[PDB]
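K.L.:
First the structure, which I've put down as structure tokens, then a few questions once you've had a look.
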Amino acid sequence: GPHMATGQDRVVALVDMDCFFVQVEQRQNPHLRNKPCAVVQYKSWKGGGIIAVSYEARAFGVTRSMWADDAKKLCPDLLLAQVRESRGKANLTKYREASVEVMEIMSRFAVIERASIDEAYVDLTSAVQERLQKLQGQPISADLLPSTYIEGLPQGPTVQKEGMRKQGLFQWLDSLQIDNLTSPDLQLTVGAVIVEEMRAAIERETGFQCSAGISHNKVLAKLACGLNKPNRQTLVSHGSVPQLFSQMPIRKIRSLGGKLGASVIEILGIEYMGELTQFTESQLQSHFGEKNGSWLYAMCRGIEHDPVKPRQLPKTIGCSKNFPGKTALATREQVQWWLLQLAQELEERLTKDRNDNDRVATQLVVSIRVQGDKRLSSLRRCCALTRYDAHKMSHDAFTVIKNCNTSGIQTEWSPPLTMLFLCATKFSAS
DNA sequence: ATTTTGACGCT
DNA sequence: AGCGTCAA
Ligand SMILES: Nc1ncnc2c1ncn2[C@H]1C[C@H](O)[C@@H](COP(=O)(O)OP(=O)(O)OP(=O)(O)O)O1
Ligand SMILES: [Ca+2]
């Protein structure tokens with residue numbers, strides 16, 4: 001009752017760029033705009049592996065992970081843009097720089113947590129309070145929410161997409177209580193107004209479109225964001241949670257898309273997030289551990305307490321290359337050459353990072369996969385990163401991994417290496 | 001033969 | 001530390 005927390009204390013948004021790498025390439029090359037297209041890495045093997053797909057191409061069934069030759073079977077007119085290759089490997093610099101463009105715009109509005117290259121969480125609580133004081137009881141017009149969906153609406157007593165959106169927005173605003181500056185629903189609505197403004201600024205200043213979710217915590221904001229892509233935003237209110245969760249597969253909730261979510265389904269014999277409400281906190285803790293159990297107990301009721309972390313820059317800078325099938329590195333000299341290529345890219349990015357962000361990495365992490373091991377990483381070792389020097393970093397990585405080689409003749413490498421990974425970590429101010 | 005990335009938890 | 005999970 002009067003002491004039961006409802007997790008309505010914050011306004012949190014999750015901005016997710018639409019088909020991001022595709023949009024970067026379409027901005028650069030207008031011939032690709034409004035076409036079925038995709039972004040591919042490499043080209044020799046089966047036309048290259050697709051890593052991003054425009055919505056026009058998705059309509060044909062083109063997906064990520066697909067080989068371009070196979071995506072051409074579904075979409076013969078598919079256009080392609082290739083990731084730049086440098087030093088013998090794919091180089092993602094263009095997309096990292098476009099990400100900085102968007103993150104810097106978002107940072108003008110609020111503190112952001114960079115979740116990935118094209119996703120950021122925004123804590124809008126303070127900005128919403130300020131805007132509510134400015135509005136000073138004035139109602140919120142539907143014109144201020146031109147691309148917003150209210151999840152769950154319309155309901156109760158037009159066959160067009162936009163018609164449904166406006167019809168739902170009207171019901172929401174009609175019911176909204178603008179008197180109460182502390183009303184969580186009003187706070188979310190003002191949050192959505194601010195996110196419309198943020199998304200307009202991103203599109204104006206970069207050309208890039210995005211989707212967004214607005215709710216009371218990060219998990220609901222992420223879920224909301226995915227409900228109406230592309231180029232739309234969705235408000236998930238606390239009151240919308242029971243219906244929304246009643247048919248929501250557990251795997252759709254962030255962190256439950258893998259083994260833990262599978263175990264929740266198998267152990268409890270349920271399918272949907274809402275069914276979790278029927279277990280006590282101690283029951284969930286008994287099956288999934290103290291932390292996961294408490295998290296699930298609150299999350300299935302719409303309550304998540306994870307903060308939006310004040311962090312705009314990545315905490316690590318890494319470079320990796322796979323060596324699949326017969327191309328696995330089987331000689332020592334070969335291993336050293338690829339470590340040098342990786343270390344040269346890493347040096348370049350680290351030097352730029354140091355100049356831009358006033359920080360220095362202090363640890364180098366070296367990871368490898370051996371041919372036959374199914375695990376993503378077979379071995380991980382660290383050494384000091386004391387100089388931004390590609391020859392030194394590559395020599396040091398070799399030093400830390402050279403004893404993994406079983407071959408009695410050093411010139412040969414066995415078992416063959418199927419992946420090399422260098423990552424700079426543990427930044428200190430400089 | 002998806003590849004190339006980040007962030008965070010466990011012991 | 002080194003390994004594993006989950007996600008762009
Ligand atoms: N598995 C992957 N491997 C390599 N790059 C990836 C992978 N997944 C995503 N990316 C890249 C390319 C994407 O443009 C970018 C953002 O990813 P993601 O948000 O999942 O999809 P997306 O932005 O392309 O489409 P959407 O509109 O559905 O968000 O990160
Ligand atoms: Ca995206």
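The chains in the structure tokens are called A, B, ... from first to last as shown; in each chain the residues are counted from 1, and the ligands are counted from 1 in the order shown.
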Can you list, as a PyMOL selection string, every protein, DNA or RNA residue that comes within 9 Å of residue C:5 when you count only C-alpha atoms (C1' of nucleotides), leaving out same-chain residues fewer than 6 positions away?
P.N.:
(chain A and resi 258-259) or (chain B and resi 8-9)
K.L.:
Export, as a PDB file, in the first residue's frame, the selected residues with N, CA, C and O atoms (P, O5', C5', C4', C3', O3' and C1' of nucleotides).
P.N.:
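Contents of again_19.pdb, freshly written:
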```
ATOM      1  N   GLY A 258      19.675 -14.648 -22.889  1.00  0.00           N
ATOM      2  CA  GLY A 258      20.610 -15.749 -22.966  1.00  0.00           C
ATOM      3  C   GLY A 258      20.329 -16.885 -22.007  1.00  0.00           C
ATOM      4  O   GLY A 258      19.167 -17.256 -21.799  1.00  0.00           O
ATOM      5  N   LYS A 259      21.392 -17.444 -21.416  1.00  0.00           N
ATOM      6  CA  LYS A 259      21.238 -18.632 -20.578  1.00  0.00           C
ATOM      7  C   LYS A 259      20.363 -18.394 -19.353  1.00  0.00           C
ATOM      8  O   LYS A 259      19.567 -19.269 -18.988  1.00  0.00           O
TER       9      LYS A 259
ATOM     10  P    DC B   8      29.697  -1.057 -17.096  1.00  0.00           P
ATOM     11  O5'  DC B   8      29.319  -2.374 -16.301  1.00  0.00           O
ATOM     12  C5'  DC B   8      28.230  -3.171 -16.763  1.00  0.00           C
ATOM     13  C4'  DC B   8      28.405  -4.580 -16.259  1.00  0.00           C
ATOM     14  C3'  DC B   8      29.073  -4.649 -14.887  1.00  0.00           C
ATOM     15  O3'  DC B   8      28.261  -5.521 -14.107  1.00  0.00           O
ATOM     16  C1'  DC B   8      30.056  -6.169 -16.355  1.00  0.00           C
ATOM     17  P    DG B   9      28.400  -5.674 -12.482  1.00  0.00           P
ATOM     18  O5'  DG B   9      28.231  -7.219 -12.239  1.00  0.00           O
ATOM     19  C5'  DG B   9      27.284  -7.922 -12.997  1.00  0.00           C
ATOM     20  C4'  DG B   9      27.565  -9.386 -12.870  1.00  0.00           C
ATOM     21  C3'  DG B   9      28.030  -9.775 -11.477  1.00  0.00           C
ATOM     22  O3'  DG B   9      27.425 -10.988 -11.110  1.00  0.00           O
ATOM     23  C1'  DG B   9      29.691 -10.338 -13.074  1.00  0.00           C
TER      24       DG B   9
END
```
K.L.:
Just want the residues within 6 Å of ligand 2, written as a ChimeraX atom specification, counting only C-alpha atoms (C1' of nucleotides) and all ligand atoms.
P.N.:
/A:16-20,118
K.L.:
With N, CA and C atoms retained, write the just-selected residues as an mmCIF file, in the first residue's frame.
P.N.:
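Output file again.cif is given in full below:
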```
data_model
loop_
_atom_site.group_PDB
_atom_site.id
_atom_site.type_symbol
_atom_site.label_atom_id
_atom_site.label_comp_id
_atom_site.auth_asym_id
_atom_site.auth_seq_id
_atom_site.Cartn_x
_atom_site.Cartn_y
_atom_site.Cartn_z
ATOM 1 N N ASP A 16 18.344 4.947 -29.678
ATOM 2 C CA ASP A 16 18.926 3.860 -30.459
ATOM 3 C C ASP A 16 18.910 4.317 -31.917
ATOM 4 N N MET A 17 20.079 4.545 -32.524
ATOM 5 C CA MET A 17 20.083 4.991 -33.917
ATOM 6 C C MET A 17 19.506 3.892 -34.808
ATOM 7 N N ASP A 18 18.726 4.277 -35.806
ATOM 8 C CA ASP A 18 18.182 3.290 -36.734
ATOM 9 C C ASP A 18 19.261 2.833 -37.714
ATOM 10 N N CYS A 19 19.303 1.515 -37.991
ATOM 11 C CA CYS A 19 20.246 0.895 -38.932
ATOM 12 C C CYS A 19 21.514 1.729 -39.081
ATOM 13 N N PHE A 20 22.259 1.867 -37.979
ATOM 14 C CA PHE A 20 23.221 2.963 -37.846
ATOM 15 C C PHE A 20 24.304 2.972 -38.926
ATOM 16 N N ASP A 118 25.887 2.918 -30.841
ATOM 17 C CA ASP A 118 24.788 3.744 -31.332
ATOM 18 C C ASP A 118 23.630 3.831 -30.352
#
```
K.L.:
With only C-alpha atoms as the atoms that count, which of A:245, A:208, A:170, A:421 lies nearest to residue A:272?
P.N.:
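Looking only at the distances to residue A:272, the closest residue turns out to be A:245.
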K.L.:
Taking only C-alpha atoms (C1' of nucleotides) and all ligand atoms into account, which residues are within 9 Å of ligand 1, as JSON, numbers by chain?
P.N.:
{"A": [16, 17, 18, 19, 20, 21, 22, 23, 24, 39, 41, 50, 51, 52, 53, 54, 55, 64, 65, 95, 116, 117, 118, 119, 210, 211, 226, 229, 230, 231], "B": [2, 3, 4, 5], "C": [7, 8]}
K.L.:
For the selection just defined, write its residues with N, CA and C atoms (P, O5', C5', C4', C3', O3' and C1' of nucleotides) to a file, as a short mmCIF file (atom, residue, chain, number, x, y, z; two decimals), in the first residue's frame.
P.N.:
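Writing the result to selection19.cif gives the following:
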```
data_model
loop_
_atom_site.label_atom_id
_atom_site.label_comp_id
_atom_site.auth_asym_id
_atom_site.auth_seq_id
_atom_site.Cartn_x
_atom_site.Cartn_y
_atom_site.Cartn_z
N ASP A 16 18.34 4.95 -29.68
CA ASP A 16 18.93 3.86 -30.46
C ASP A 16 18.91 4.32 -31.92
N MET A 17 20.08 4.55 -32.52
CA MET A 17 20.08 4.99 -33.92
C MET A 17 19.51 3.89 -34.81
N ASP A 18 18.73 4.28 -35.81
CA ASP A 18 18.18 3.29 -36.73
C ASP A 18 19.26 2.83 -37.71
N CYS A 19 19.30 1.52 -37.99
CA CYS A 19 20.25 0.90 -38.93
C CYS A 19 21.51 1.73 -39.08
N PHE A 20 22.26 1.87 -37.98
CA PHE A 20 23.22 2.96 -37.85
C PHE A 20 24.30 2.97 -38.93
N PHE A 21 25.01 1.85 -39.11
CA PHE A 21 26.12 1.89 -40.08
C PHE A 21 25.60 2.18 -41.49
N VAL A 22 24.39 1.70 -41.79
CA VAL A 22 23.75 2.00 -43.07
C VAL A 22 23.52 3.49 -43.20
N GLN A 23 22.98 4.13 -42.16
CA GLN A 23 22.76 5.57 -42.26
C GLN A 23 24.06 6.35 -42.45
N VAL A 24 25.14 5.94 -41.78
CA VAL A 24 26.43 6.62 -41.99
C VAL A 24 26.83 6.55 -43.47
N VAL A 39 25.42 -2.92 -45.10
CA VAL A 39 26.84 -2.74 -44.84
C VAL A 39 27.44 -4.11 -44.58
N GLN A 41 31.26 -6.54 -44.29
CA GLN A 41 32.69 -6.62 -43.99
C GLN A 41 33.33 -7.67 -44.88
N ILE A 50 27.21 -9.53 -43.74
CA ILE A 50 26.39 -8.34 -43.51
C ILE A 50 26.37 -8.02 -42.03
N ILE A 51 26.64 -6.76 -41.70
CA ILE A 51 26.56 -6.31 -40.31
C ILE A 51 25.49 -5.25 -40.10
N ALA A 52 24.91 -4.69 -41.17
CA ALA A 52 23.82 -3.72 -40.95
C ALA A 52 22.94 -3.69 -42.18
N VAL A 53 21.63 -3.46 -41.98
CA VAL A 53 20.64 -3.63 -43.04
C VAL A 53 19.60 -2.52 -43.00
N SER A 54 19.37 -1.88 -44.15
CA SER A 54 18.37 -0.83 -44.18
C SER A 54 16.98 -1.46 -44.06
N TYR A 55 16.01 -0.66 -43.61
CA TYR A 55 14.66 -1.19 -43.43
C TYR A 55 14.03 -1.62 -44.76
N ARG A 64 21.22 -9.24 -40.56
CA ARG A 64 22.57 -9.36 -40.05
C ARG A 64 22.99 -10.83 -39.98
N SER A 65 24.30 -11.08 -40.14
CA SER A 65 24.94 -12.40 -40.08
C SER A 65 24.86 -13.13 -41.41
N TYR A 95 32.44 4.80 -38.17
CA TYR A 95 31.24 4.64 -37.36
C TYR A 95 31.50 5.12 -35.94
N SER A 116 26.38 1.66 -26.19
CA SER A 116 27.03 0.98 -27.31
C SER A 116 27.37 2.05 -28.34
N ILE A 117 27.92 1.61 -29.48
CA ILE A 117 28.30 2.56 -30.53
C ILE A 117 27.12 3.42 -30.97
N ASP A 118 25.89 2.92 -30.84
CA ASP A 118 24.79 3.74 -31.33
C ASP A 118 23.63 3.83 -30.35
N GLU A 119 23.86 3.49 -29.08
CA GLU A 119 22.79 3.56 -28.09
C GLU A 119 23.28 4.33 -26.88
N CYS A 210 16.64 8.23 -35.45
CA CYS A 210 16.75 7.27 -34.36
C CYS A 210 15.38 6.98 -33.80
N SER A 211 15.33 5.94 -32.99
CA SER A 211 14.17 5.62 -32.18
C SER A 211 14.52 5.81 -30.70
N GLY A 226 12.28 -0.42 -28.61
CA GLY A 226 12.09 -1.37 -29.70
C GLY A 226 10.65 -1.56 -30.20
N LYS A 229 10.11 0.97 -34.00
CA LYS A 229 11.08 1.46 -34.96
C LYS A 229 10.59 1.29 -36.39
N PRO A 230 11.16 2.06 -37.35
CA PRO A 230 12.15 3.11 -37.04
C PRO A 230 11.57 4.51 -36.93
N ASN A 231 12.42 5.45 -36.53
CA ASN A 231 12.09 6.89 -36.55
C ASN A 231 10.86 7.26 -35.71
P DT B 2 29.55 -19.50 -40.32
"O5'" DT B 2 29.49 -18.53 -39.04
"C5'" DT B 2 28.90 -17.19 -39.07
"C4'" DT B 2 29.91 -16.29 -39.72
"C3'" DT B 2 31.07 -15.97 -38.81
"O3'" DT B 2 32.24 -15.83 -39.58
"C1'" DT B 2 29.83 -13.96 -39.23
P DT B 3 33.62 -15.35 -38.92
"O5'" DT B 3 33.48 -13.78 -38.81
"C5'" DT B 3 33.65 -12.97 -39.96
"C4'" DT B 3 34.04 -11.58 -39.54
"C3'" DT B 3 35.15 -11.48 -38.50
"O3'" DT B 3 35.95 -10.38 -38.85
"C1'" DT B 3 33.22 -10.46 -37.66
P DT B 4 37.15 -9.88 -37.91
"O5'" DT B 4 36.47 -8.69 -37.08
"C5'" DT B 4 36.12 -7.47 -37.73
"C4'" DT B 4 35.64 -6.44 -36.72
"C3'" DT B 4 36.59 -6.20 -35.54
"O3'" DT B 4 36.55 -4.82 -35.16
"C1'" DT B 4 34.52 -6.80 -34.72
P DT B 5 37.68 -4.19 -34.22
"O5'" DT B 5 37.39 -4.84 -32.79
"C5'" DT B 5 36.94 -4.06 -31.69
"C4'" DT B 5 35.45 -3.72 -31.73
"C3'" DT B 5 35.00 -3.10 -30.41
"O3'" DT B 5 35.08 -1.71 -30.49
"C1'" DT B 5 33.42 -4.75 -31.23
P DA C 7 20.80 -10.36 -23.64
"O5'" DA C 7 21.49 -9.21 -24.50
"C5'" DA C 7 21.73 -7.91 -23.97
"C4'" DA C 7 22.72 -7.16 -24.83
"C3'" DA C 7 22.44 -7.11 -26.32
"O3'" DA C 7 21.37 -6.17 -26.58
"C1'" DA C 7 24.76 -7.22 -25.85
P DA C 8 21.11 -5.54 -28.04
"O5'" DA C 8 22.32 -4.50 -28.23
"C5'" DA C 8 22.50 -3.84 -29.47
"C4'" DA C 8 23.69 -2.90 -29.44
"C3'" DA C 8 23.98 -2.24 -30.77
"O3'" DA C 8 24.61 -0.98 -30.57
"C1'" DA C 8 25.73 -3.79 -30.27
#
```
K.L.:
List the neighbours of stretch 163-166 of chain A out to 10 Å using only C-alpha atoms (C1' of nucleotides); skip same-chain residues closer than 3 positions along the sequence, and give me the result as a PyMOL selection string.
P.N.:
chain A and resi 142+145-151+153-154+158-160+169-172
K.L.:
Any chance you could export the current selection's C-alpha atoms as an mmCIF file, in the first residue's frame?
P.N.:
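That gives us again_31.cif:
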```
data_model
loop_
_atom_site.group_PDB
_atom_site.id
_atom_site.type_symbol
_atom_site.label_atom_id
_atom_site.label_comp_id
_atom_site.auth_asym_id
_atom_site.auth_seq_id
_atom_site.Cartn_x
_atom_site.Cartn_y
_atom_site.Cartn_z
ATOM 1 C CA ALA A 142 -0.135 16.672 -29.191
ATOM 2 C CA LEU A 145 4.758 14.785 -29.520
ATOM 3 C CA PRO A 146 4.622 14.260 -33.319
ATOM 4 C CA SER A 147 6.390 10.890 -33.378
ATOM 5 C CA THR A 148 5.424 9.478 -29.938
ATOM 6 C CA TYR A 149 3.504 6.242 -29.274
ATOM 7 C CA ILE A 150 1.836 5.614 -25.922
ATOM 8 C CA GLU A 151 2.175 1.886 -25.300
ATOM 9 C CA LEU A 153 -3.298 2.954 -26.189
ATOM 10 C CA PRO A 154 -5.733 3.473 -27.748
ATOM 11 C CA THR A 158 -9.381 4.541 -38.439
ATOM 12 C CA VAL A 159 -7.350 1.632 -39.870
ATOM 13 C CA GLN A 160 -4.118 3.588 -40.471
ATOM 14 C CA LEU A 169 -1.810 9.925 -27.892
ATOM 15 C CA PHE A 170 -5.097 11.823 -27.662
ATOM 16 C CA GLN A 171 -6.489 9.388 -25.085
ATOM 17 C CA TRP A 172 -3.299 9.730 -23.030
#
```
K.L.:
Between chain A and chain B, at 8 Å or less, what are the per-residue closest atom pairs and their distances in Å? Count only C-alpha atoms (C1' of nucleotides), order by chain and rising residue number, and return it as a tab-separated table.
P.N.:
```
residue	atom	partner	partner_atom	distance
A:41	CA	B:3	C1'	7.4
A:45	CA	B:1	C1'	7.7
A:49	CA	B:2	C1'	5.8
A:50	CA	B:2	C1'	7.9
A:65	CA	B:2	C1'	5.2
A:66	CA	B:2	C1'	7.5
A:67	CA	B:2	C1'	7.9
A:90	CA	B:4	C1'	7.8
A:116	CA	B:6	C1'	6.7
A:314	CA	B:6	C1'	7.4
A:316	CA	B:6	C1'	7.3
A:318	CA	B:5	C1'	7.5
A:319	CA	B:4	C1'	7.6
A:320	CA	B:4	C1'	6.4
A:321	CA	B:4	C1'	7.3
A:322	CA	B:3	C1'	7.2
A:324	CA	B:1	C1'	5.8
A:325	CA	B:1	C1'	6.7
```
K.L.:
Would you put the residues from that selection into a file with N, CA and C atoms, as a tab-separated table (two decimals), in the first residue's frame?
P.N.:
```
chain	number	residue	atom	x	y	z
A	41	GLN	N	31.26	-6.54	-44.29
A	41	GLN	CA	32.69	-6.62	-43.99
A	41	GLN	C	33.33	-7.67	-44.88
A	45	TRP	N	34.84	-13.86	-49.31
A	45	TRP	CA	34.07	-15.02	-48.85
A	45	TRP	C	32.58	-14.72	-48.90
A	49	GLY	N	30.26	-10.53	-45.09
A	49	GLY	CA	29.27	-10.75	-44.05
A	49	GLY	C	28.54	-9.45	-43.75
A	50	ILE	N	27.21	-9.53	-43.74
A	50	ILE	CA	26.39	-8.34	-43.51
A	50	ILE	C	26.37	-8.02	-42.03
A	65	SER	N	24.30	-11.08	-40.14
A	65	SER	CA	24.94	-12.40	-40.08
A	65	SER	C	24.86	-13.13	-41.41
A	66	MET	N	24.00	-12.66	-42.29
A	66	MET	CA	23.84	-13.24	-43.61
A	66	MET	C	25.04	-12.89	-44.50
A	67	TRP	N	25.46	-13.85	-45.33
A	67	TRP	CA	26.45	-13.55	-46.37
A	67	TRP	C	25.78	-12.74	-47.48
A	90	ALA	N	39.21	-5.16	-41.10
A	90	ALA	CA	38.11	-4.20	-41.10
A	90	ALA	C	38.43	-3.10	-40.08
A	116	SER	N	26.38	1.66	-26.19
A	116	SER	CA	27.03	0.98	-27.31
A	116	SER	C	27.37	2.05	-28.34
A	314	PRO	N	33.92	5.25	-24.16
A	314	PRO	CA	34.18	3.83	-23.88
A	314	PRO	C	35.31	3.68	-22.88
A	316	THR	N	37.27	0.96	-22.75
A	316	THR	CA	38.29	0.13	-23.35
A	316	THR	C	38.38	0.47	-24.83
A	318	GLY	N	39.71	-1.62	-28.18
A	318	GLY	CA	40.15	-2.93	-28.59
A	318	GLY	C	40.15	-3.13	-30.10
A	319	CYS	N	40.93	-4.13	-30.51
A	319	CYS	CA	41.17	-4.46	-31.91
A	319	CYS	C	41.27	-5.98	-32.00
A	320	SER	N	40.55	-6.59	-32.94
A	320	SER	CA	40.56	-8.04	-33.00
A	320	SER	C	40.40	-8.51	-34.43
A	321	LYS	N	40.93	-9.71	-34.69
A	321	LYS	CA	40.78	-10.33	-36.00
A	321	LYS	C	40.67	-11.84	-35.84
A	322	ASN	N	39.71	-12.42	-36.56
A	322	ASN	CA	39.53	-13.86	-36.69
A	322	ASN	C	40.33	-14.40	-37.86
A	324	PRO	N	39.69	-17.75	-39.67
A	324	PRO	CA	38.83	-18.94	-39.75
A	324	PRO	C	39.39	-20.03	-40.65
A	325	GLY	N	38.93	-21.26	-40.37
A	325	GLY	CA	39.20	-22.46	-41.14
A	325	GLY	C	40.67	-22.62	-41.50
```
K.L.:
For residue A:335, work out the shell of residues within 12 Å, counting only C-alpha atoms (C1' of nucleotides) and skipping chain neighbours fewer than 2 positions away, then give it as a VMD selection string.
P.N.:
chain A and resid 321 to 323 327 to 333 337 to 342 368 394 to 395 397 to 399 401 to 402 405 410 to 421
K.L.:
Using only C-alpha atoms (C1' of nucleotides), find the residues of chain A whose closest atom to chain C is at most 10 Å away, then write them as a list in words.
P.N.:
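Taking only C-alpha atoms (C1' of nucleotides) into account, residues 115, 116, 117, 118, 119, 254, 255, 256, 257, 258, 259, 260, 375, 376, 377, 378, 379, 380, 381 and 382 of chain A sit within 10 Å of chain C.
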K.L.:
Output C-alpha atoms for every residue in the selection just made, as a compact mmCIF listing (two decimals), in the first residue's frame.
P.N.:
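Result file out-v4.txt:
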```
# COMPACT_ATOMS: atom_id res chain seq x y z
CA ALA A 115 25.54 1.88 -23.95
CA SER A 116 27.03 0.98 -27.31
CA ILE A 117 28.30 2.56 -30.53
CA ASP A 118 24.79 3.74 -31.33
CA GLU A 119 22.79 3.56 -28.09
CA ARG A 254 17.58 -6.88 -21.48
CA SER A 255 19.89 -9.44 -19.76
CA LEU A 256 17.36 -12.28 -20.13
CA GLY A 257 18.10 -13.04 -23.78
CA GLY A 258 20.61 -15.75 -22.97
CA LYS A 259 21.24 -18.63 -20.58
CA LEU A 260 19.69 -17.00 -17.50
CA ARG A 375 34.83 -20.84 -26.46
CA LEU A 376 35.17 -17.33 -27.81
CA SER A 377 38.46 -16.81 -25.97
CA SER A 378 40.89 -19.60 -25.21
CA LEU A 379 43.38 -17.57 -23.22
CA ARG A 380 43.69 -14.05 -21.80
CA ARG A 381 46.82 -12.44 -20.37
CA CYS A 382 47.67 -8.87 -19.37
```
K.L.:
What does the structure give for the distance between atom CA of residue A:430 and atom CA of residue A:349, in Å to one decimal?
P.N.:
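Interatomic distance here is 15.8 Å.
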K.L.:
Identify all residues of stretch 379-417 of chain A in strand (DSSP E) (DSSP on the backbone) and supply them as a PDB file with N, CA, C and O atoms, in the first residue's frame.
P.N.:
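That gives us out-v2.pdb:
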```
ATOM      1  N   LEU A 379      42.394 -17.979 -24.209  1.00  0.00           N
ATOM      2  CA  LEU A 379      43.376 -17.573 -23.217  1.00  0.00           C
ATOM      3  C   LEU A 379      43.447 -16.053 -23.197  1.00  0.00           C
ATOM      4  O   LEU A 379      43.346 -15.408 -24.243  1.00  0.00           O
ATOM      5  N   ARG A 380      43.624 -15.495 -21.998  1.00  0.00           N
ATOM      6  CA  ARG A 380      43.685 -14.054 -21.799  1.00  0.00           C
ATOM      7  C   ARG A 380      44.801 -13.737 -20.814  1.00  0.00           C
ATOM      8  O   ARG A 380      44.851 -14.318 -19.725  1.00  0.00           O
ATOM      9  N   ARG A 381      45.694 -12.825 -21.202  1.00  0.00           N
ATOM     10  CA  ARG A 381      46.822 -12.440 -20.367  1.00  0.00           C
ATOM     11  C   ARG A 381      47.011 -10.933 -20.460  1.00  0.00           C
ATOM     12  O   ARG A 381      46.777 -10.337 -21.508  1.00  0.00           O
ATOM     13  N   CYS A 382      47.459 -10.316 -19.374  1.00  0.00           N
ATOM     14  CA  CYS A 382      47.670  -8.875 -19.365  1.00  0.00           C
ATOM     15  C   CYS A 382      49.145  -8.534 -19.212  1.00  0.00           C
ATOM     16  O   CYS A 382      49.925  -9.306 -18.645  1.00  0.00           O
ATOM     17  N   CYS A 383      49.519  -7.363 -19.721  1.00  0.00           N
ATOM     18  CA  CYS A 383      50.821  -6.789 -19.418  1.00  0.00           C
ATOM     19  C   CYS A 383      50.682  -5.280 -19.298  1.00  0.00           C
ATOM     20  O   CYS A 383      49.640  -4.703 -19.617  1.00  0.00           O
ATOM     21  N   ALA A 384      51.727  -4.647 -18.771  1.00  0.00           N
ATOM     22  CA  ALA A 384      51.725  -3.197 -18.617  1.00  0.00           C
ATOM     23  C   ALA A 384      51.698  -2.514 -19.978  1.00  0.00           C
ATOM     24  O   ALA A 384      52.396  -2.922 -20.910  1.00  0.00           O
ATOM     25  N   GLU A 412      57.071 -22.918 -36.233  1.00  0.00           N
ATOM     26  CA  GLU A 412      55.696 -23.349 -36.431  1.00  0.00           C
ATOM     27  C   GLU A 412      54.875 -22.944 -35.201  1.00  0.00           C
ATOM     28  O   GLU A 412      55.403 -22.850 -34.088  1.00  0.00           O
ATOM     29  N   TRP A 413      53.578 -22.718 -35.395  1.00  0.00           N
ATOM     30  CA  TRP A 413      52.676 -22.430 -34.285  1.00  0.00           C
ATOM     31  C   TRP A 413      51.569 -23.467 -34.200  1.00  0.00           C
ATOM     32  O   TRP A 413      50.838 -23.687 -35.170  1.00  0.00           O
ATOM     33  N   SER A 414      51.430 -24.082 -33.021  1.00  0.00           N
ATOM     34  CA  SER A 414      50.377 -25.054 -32.833  1.00  0.00           C
ATOM     35  C   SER A 414      49.902 -25.035 -31.386  1.00  0.00           C
ATOM     36  O   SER A 414      50.718 -24.806 -30.480  1.00  0.00           O
ATOM     37  N   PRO A 415      48.597 -25.242 -31.133  1.00  0.00           N
ATOM     38  CA  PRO A 415      47.611 -25.353 -32.206  1.00  0.00           C
ATOM     39  C   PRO A 415      47.395 -23.989 -32.882  1.00  0.00           C
ATOM     40  O   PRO A 415      47.621 -22.954 -32.219  1.00  0.00           O
ATOM     41  N   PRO A 416      46.978 -24.021 -34.151  1.00  0.00           N
ATOM     42  CA  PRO A 416      46.799 -22.779 -34.906  1.00  0.00           C
ATOM     43  C   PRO A 416      45.932 -21.780 -34.148  1.00  0.00           C
ATOM     44  O   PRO A 416      45.053 -22.157 -33.364  1.00  0.00           O
ATOM     45  N   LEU A 417      46.187 -20.491 -34.376  1.00  0.00           N
ATOM     46  CA  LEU A 417      45.425 -19.454 -33.697  1.00  0.00           C
ATOM     47  C   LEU A 417      44.282 -19.016 -34.607  1.00  0.00           C
ATOM     48  O   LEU A 417      44.512 -18.678 -35.768  1.00  0.00           O
TER      49      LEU A 417
END
```
K.L.:
Just want the 8 Å neighbourhood of residue A:359, counted on only C-alpha atoms (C1' of nucleotides), with same-chain residues fewer than 6 positions away dropped. Output as a PDB file with C-alpha atoms, in the first residue's frame.
P.N.:
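The resulting file, result08.pdb, is shown below:
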```
ATOM      1  CA  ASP A 353      42.072   9.086 -27.624  1.00  0.00           C
ATOM      2  CA  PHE A 427      42.622   4.456 -18.193  1.00  0.00           C
ATOM      3  CA  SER A 428      44.083   7.093 -15.883  1.00  0.00           C
ATOM      4  CA  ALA A 429      43.845  10.846 -16.332  1.00  0.00           C
ATOM      5  CA  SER A 430      46.678  12.418 -18.305  1.00  0.00           C
TER       6      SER A 430
END
```
K.L.:
When you draw a straight line from atom CA of residue A:48 to atom CA of residue A:74, how long is it in Å?
P.N.:
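A separation of 15.4 Å between them.
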K.L.:
For residue A:188, find every residue with an atom within 9 Å (counting only C-alpha atoms (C1' of nucleotides)), except residues of its own chain fewer than 2 positions away, and show them as a JSON list (two decimals) with C-alpha atoms, in the first residue's frame.
P.N.:
```
[["chain", "number", "residue", "atom", "x", "y", "z"],
["A", 10, "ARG", "CA", 13.10, 8.77, -12.40],
["A", 11, "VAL", "CA", 12.55, 9.57, -16.07],
["A", 12, "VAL", "CA", 14.95, 7.52, -18.21],
["A", 128, "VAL", "CA", 11.84, 17.23, -16.74],
["A", 183, "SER", "CA", 2.64, 12.85, -11.23],
["A", 184, "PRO", "CA", 4.88, 10.16, -12.75],
["A", 185, "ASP", "CA", 2.76, 10.01, -15.93],
["A", 186, "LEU", "CA", 3.13, 13.75, -16.46],
["A", 190, "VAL", "CA", 7.44, 15.91, -20.50],
["A", 191, "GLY", "CA", 10.36, 13.50, -20.82],
["A", 192, "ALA", "CA", 8.93, 12.45, -24.18],
["A", 193, "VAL", "CA", 8.67, 16.11, -25.25],
["A", 214, "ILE", "CA", 10.92, 6.81, -22.42],
["A", 215, "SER", "CA", 10.02, 5.13, -19.13],
["A", 216, "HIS", "CA", 11.04, 5.08, -15.46],
["A", 235, "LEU", "CA", 6.40, 5.97, -23.84],
["A", 236, "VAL", "CA", 5.91, 2.98, -21.51],
["A", 237, "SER", "CA", 4.15, 4.12, -18.37]]
```
